[PDB]
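Below, in structure tokens: the form deposited in one PDB entry, a single chain.
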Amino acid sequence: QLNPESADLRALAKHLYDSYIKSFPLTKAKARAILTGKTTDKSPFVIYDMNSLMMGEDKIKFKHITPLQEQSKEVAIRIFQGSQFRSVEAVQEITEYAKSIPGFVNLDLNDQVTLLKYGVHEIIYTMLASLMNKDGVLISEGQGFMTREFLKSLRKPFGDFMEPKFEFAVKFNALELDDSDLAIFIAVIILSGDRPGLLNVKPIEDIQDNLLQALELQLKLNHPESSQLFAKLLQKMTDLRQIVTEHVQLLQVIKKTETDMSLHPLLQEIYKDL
């Protein structure tokens, strides 16, 4: 119970959390409810092999996550392209959230683009953890669940495109953060003044500082018993970079190995000279 300074920090966290619920259709709260398999109304269909994938398509309504095409004749590529269009959608969701971050749209246009360019994938993997457990990941807005082993057995290049994420997710999830915490953390990620090419770093840092103050307060009030949670969370920022890097790397291999597979233009630009 304290000052007007802390009051503004609480108002900020509320605004961000509010925007978060409004920008992301599938929150961590909903993901855990589905994953903890509590209910009889939210049960996901599980894909763990070829025949379940074959049934899942029939049961699950995979809203063109892999736009028009029969069977690209390779589950591996269908699955991959799918992960791509979903990524694109995720970028759309994140971009919308970014606009709600106080001060973000007031920044220089080119810098707005730079921050999104380097921040969206770090955010994507951060939020993906919410949809994961050590055994698999939720898909189709929680309608389905694809096992970690099914993926890990796809085929040479693809067979391991999600593993690093799972390794991250299991660790990150140990922090037991909730949507109210993630909303501010993701805002911090985007307002990173050390992104390559930023024209005006100061205004960005001023904004990030306020967000960090907001995040720090949020974590002590929400997780009283979690000593140094603030620092452990910030330290996870290093794991995200690594995830992104080896992903981009695997992508260069795919590009050369699959001369016959199209990669989404938005994603290509995001990875250009990244």
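Throughout, we count residues from 1 along the sequence that is shown.
The following text describes the form solved in complex with a partner chain, which does not appear among the structures shown.
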Non-hydrogen atom contact residue 180 with its partner chain in the deposited bound form at 4.5 angstroms: no
Close approach of residue 153 to its partner chain in the deposited bound form, 4.5 Å, heavy atom: no
Contact label in the deposited bound form: residue 104 to its partner chain, heavy atom within 4.5 Å: yes
Non-hydrogen atom contact residue 91 with its partner chain in the deposited bound form at 4.5 angstroms: yes
